[PDB]
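K.L.:
kindly generate the corresponding structure for this input.
(one chain, ligands or ions: 3)
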Amino acid sequence: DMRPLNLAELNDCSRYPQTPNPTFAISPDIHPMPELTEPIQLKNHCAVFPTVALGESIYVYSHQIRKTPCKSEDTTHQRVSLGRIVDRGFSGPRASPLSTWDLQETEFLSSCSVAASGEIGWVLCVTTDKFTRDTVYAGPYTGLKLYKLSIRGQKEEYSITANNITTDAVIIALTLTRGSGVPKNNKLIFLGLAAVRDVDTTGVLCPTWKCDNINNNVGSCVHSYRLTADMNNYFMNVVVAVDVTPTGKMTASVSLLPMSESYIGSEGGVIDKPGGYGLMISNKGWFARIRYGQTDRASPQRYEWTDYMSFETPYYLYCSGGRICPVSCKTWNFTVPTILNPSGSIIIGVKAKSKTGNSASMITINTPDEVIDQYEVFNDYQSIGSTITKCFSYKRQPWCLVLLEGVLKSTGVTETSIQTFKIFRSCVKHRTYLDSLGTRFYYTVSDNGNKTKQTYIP
Ligand SMILES: *[C@@H]1O[C@H](CO)[C@@H](O[C@@H]2O[C@H](CO)[C@@H](O)[C@H](O)[C@H]2NC(C)=O)[C@H](O)[C@H]1NC(C)=O
Ligand SMILES: *[C@@H]1O[C@H](CO)[C@@H](O)[C@H](O)[C@H]1NC(C)=O
Ligand SMILES: [Mg+2]
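P.N.:
Numbering: from 1, shown residues only. Ligands and ions are numbered 1, 2, ... in the order given. Sharing the structure here:
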């Protein structure tokens with residue numbers, strides 16, 4: 001019933017030269033997945049840091065489990081479940097859980113993320129001897145552990161010590177983001193967050209316009225990567241690549257995303273695309289827009305980056321706005337979109353939500369500079385602290401799910417939940433967009449190199 005979304009097919013409007021532009025709309029109905037939805041706390045245990053991956057028919061879903069008052073040091077195991085996304089006669093898909101595992105060892109599995117390839121599930125975890133509130137910022141960590149899972153049961157476990165991981169930076173702490181990894185070539189590629197020393201600052205992304213009460217923009221930009229009193233500890237994103245050889249030997253590498261390519265280490269995920277992969281990031285910091293970096297064979301550079309000025313992060317729920325300028329305020333909320341075309345020039349995601357200020361969640365479909373469609377949703381939540389959107393083919397139609405963490409209004413209970421909604425694809429003469437007041441418009445491009453708007457009257 002469920003397969004990966006074929007992005008090339010979804011965007012193939014080429015047989016329609018008179019309506020050649022792909023576009024997308026959000027279907028008005030949100031559908032529950034009750035078997036994948038649960039409170040954070042239940043009967044002396046907490047289930048935190050949810051992460052999900054989708055494969056051919058299967059999903060892989062995982063939470064870190066803690067006992068007692070649910071501090072970091074109370075972590076007891078990693079719960080992982082594998083099931084299928086199926087039609088059970090409802091208007092939206094449902095989960096059919098097949099296997100649940102409780103993964104554990106003497107060391108803590110301090111941070112884990114999941115991936116799926118075909119009907120095989122993978123769980124990659126950072127291991128540590130001690131796990132505290134400070135592990136994410138200062139470590140230490142001892143290595144990685146990789147679990148291979150199928151419907152029947154666990155197949156294999158692999159591990160590698162930190163000293164055997166090839167790295168291009170001085171890495172003091174390593175955490176995996178909640179977004180899934182992706183199988184690419186014979187490897188698994190995951191996004192990580194690392195505490196790093198001795199980094200190069202050349203080319204740090206930083207505006208050159210005037211910023212309030214700042215003469216040295218560059219220094220403010222560099223300083224804003226730091227989360228602790230240690231002046232030589234920068235919080236940055238890394239790409240974690242793991243391989244298992246036929247002999248069953250695990251190798252791993254961790255590659256820094258330099259300051260010239262990305263902002264402070266933030267949540268995100270790896271995106272599969274034809275011919276490569278991308279890194280979708282929901283910045284914690286002052287550059288408060290979604291960014292997407294993808295492999296670029298043509299360009300000698302590794303990653304080509306897209307800034308979605310149209311798609312704000314949750315930054316402004318809790319930090320002051322204004323001209324985009326380096327400041328210290330950060331949010332830990334995050335919203336990871338996914339791509340709807342091969343190049344990621346069209347993305348879809350779900351906004352977060354505060355309990356104040358007329359804050360509302362929205363599903364939004366965007367290009368870098370425009371909003372294609374948006375829909376206010378999740379009035380049943382008083383707040384939403386994180387979202388991860390993933391899309392797939394179900395019943396031969398484009399569908400998406402969102403994994404979110406938030407507080408339900410009716411009960412005040414914090415929950416992790418997964419819900420689904422259908423997408424509508426069409427091929428159009430002129431793609432329409434929404435202006436800041438919600439009026440729909442399109443551009444009547446001209447051959448001399450000009451564009452003018454026009455209002456869509458329904
Ligand atoms: C999203 O951000 C909010 C605001 O910073 C976080 O809520 C704060 O942090 C904890 C809640 O766990 C409390 O100590 C504070 O009182 C909260 N403030 C408010 C206004 O609620 C929230 O935890 C974040 N959620 C995620 C998933 O990042
Ligand atoms: C690192 O890898 C080498 C080569 O496989 C192996 O001999 C060595 O035991 C590993 N080190 C640790 C600490 O496991
Ligand atoms: Mg369900």
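
K.L.:
nearest residue to the residue of the stretch 201-350 of the chain found nearest ligand 3 other than its sequence neighbours?
P.N.:
Residue of the stretch 201-350 of the chain nearest ligand 3, by C-beta to the ion: residue 350 (18.2 Å). (Each C-beta comes from the backbone N, C-alpha and C, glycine too.) Among residues not flanking residue 350 along the chain, residue 387 sits closest, at 4.1 Å (C-beta to C-beta, 6 or more residues apart in numbering).

K.L.:
may I ask you to confirm that the one you found belongs to a helix?
P.N.:
No - read with DSSP: H, G, I helix; E, B strand; the rest coil, residue 387 is strand and lies in no helix.

K.L.:
now it, which residues is it bridged with?
P.N.:
Following DSSP bridges, residue 387 is listed with bridge partners residue 335, residue 404.

K.L.:
quick one: contacts for it?
P.N.:
334-336, 349-352, 361, 402-404 (C-beta atoms under 8 Å, 6 or more residues apart in numbering).

K.L.:
rebuild those as JSON lines, extending it with distance to ligand 2 and neighbour count.
P.N.:
Formatted as JSON lines, the contacts of residue 387 follow (distance: C-beta to the nearest ligand atom, whole Å; neighbours: other C-beta atoms under 10 Å):
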{"residue": "334", "distance to ligand 2": "34", "neighbour count": "23"}
{"residue": "335", "distance to ligand 2": "39", "neighbour count": "25"}
{"residue": "336", "distance to ligand 2": "34", "neighbour count": "27"}
{"residue": "349", "distance to ligand 2": "40", "neighbour count": "24"}
{"residue": "350", "distance to ligand 2": "42", "neighbour count": "27"}
{"residue": "351", "distance to ligand 2": "45", "neighbour count": "23"}
{"residue": "352", "distance to ligand 2": "41", "neighbour count": "28"}
{"residue": "361", "distance to ligand 2": "46", "neighbour count": "24"}
{"residue": "402", "distance to ligand 2": "40", "neighbour count": "25"}
{"residue": "403", "distance to ligand 2": "35", "neighbour count": "25"}
{"residue": "404", "distance to ligand 2": "39", "neighbour count": "25"}
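
K.L.:
any chance of TSV for those, columns distance to residue 272?
P.N.:
Shown next, in TSV, are these (distance: C-beta to C-beta, whole Å):
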residue	distance to residue 272
334	20
335	19
336	14
349	16
350	20
351	24
352	24
361	26
402	18
403	17
404	22
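
K.L.:
nearest to residue 84, of these?
P.N.:
Nearest to residue 84 out of the contacts of residue 387 is residue 403 (C-beta to C-beta; 17.0 Å).

K.L.:
wait, doesn't the closest one sit right on residue 418?
P.N.:
Yes - using C-beta atoms under 8 Å, residue 403 is in contact with residue 418, at 5.1 Å.

K.L.:
which neighbours do the two have in common?
P.N.:
In contact with both residue 403 and residue 418: residue 52, using C-beta under 8 Å, 6+ apart.

K.L.:
all helices in the stretch 251-400 of the chain, in order from the N-terminus.
P.N.:
Per DSSP state H, counting those that start in this stretch, the stretch 251-400 of the chain carries helices over the ranges 315-318.

K.L.:
what is the burial count for the residue in it that ligand 1 sits nearest to?
P.N.:
Closest to ligand 1 within the stretch 251-400 of the chain is residue 385: 2.6 Å, counting by C-beta to the nearest ligand atom. Residues lying near residue 385 (other C-beta atoms under 10 Å) number 20.

K.L.:
contact partners for it?
P.N.:
332-333, 352, 405-406.

K.L.:
and it, how close does it get to residue 232?
P.N.:
Distance of residue 385 to residue 232, computed by C-beta to C-beta, to the nearest Å: 31 Å.

K.L.:
out of the contacts of residue 385, which sit inside strands?
P.N.:
Counting by DSSP state E, the contacts of residue 385 place 405-406 in strands.

K.L.:
which members of the contacts of residue 385 additionally contact ligand 1?
P.N.:
The subset of the contacts of residue 385 within reach of ligand 1, by C-beta under 6 Å from any ligand atom, is 332-333, 405.

K.L.:
mind giving me the PyMOL command for buried ones among these?
P.N.:
Of these, the buried ones can be selected in PyMOL as follows, counting by 16 or more other C-beta atoms under 10 Å:
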select buried, resi 333+405
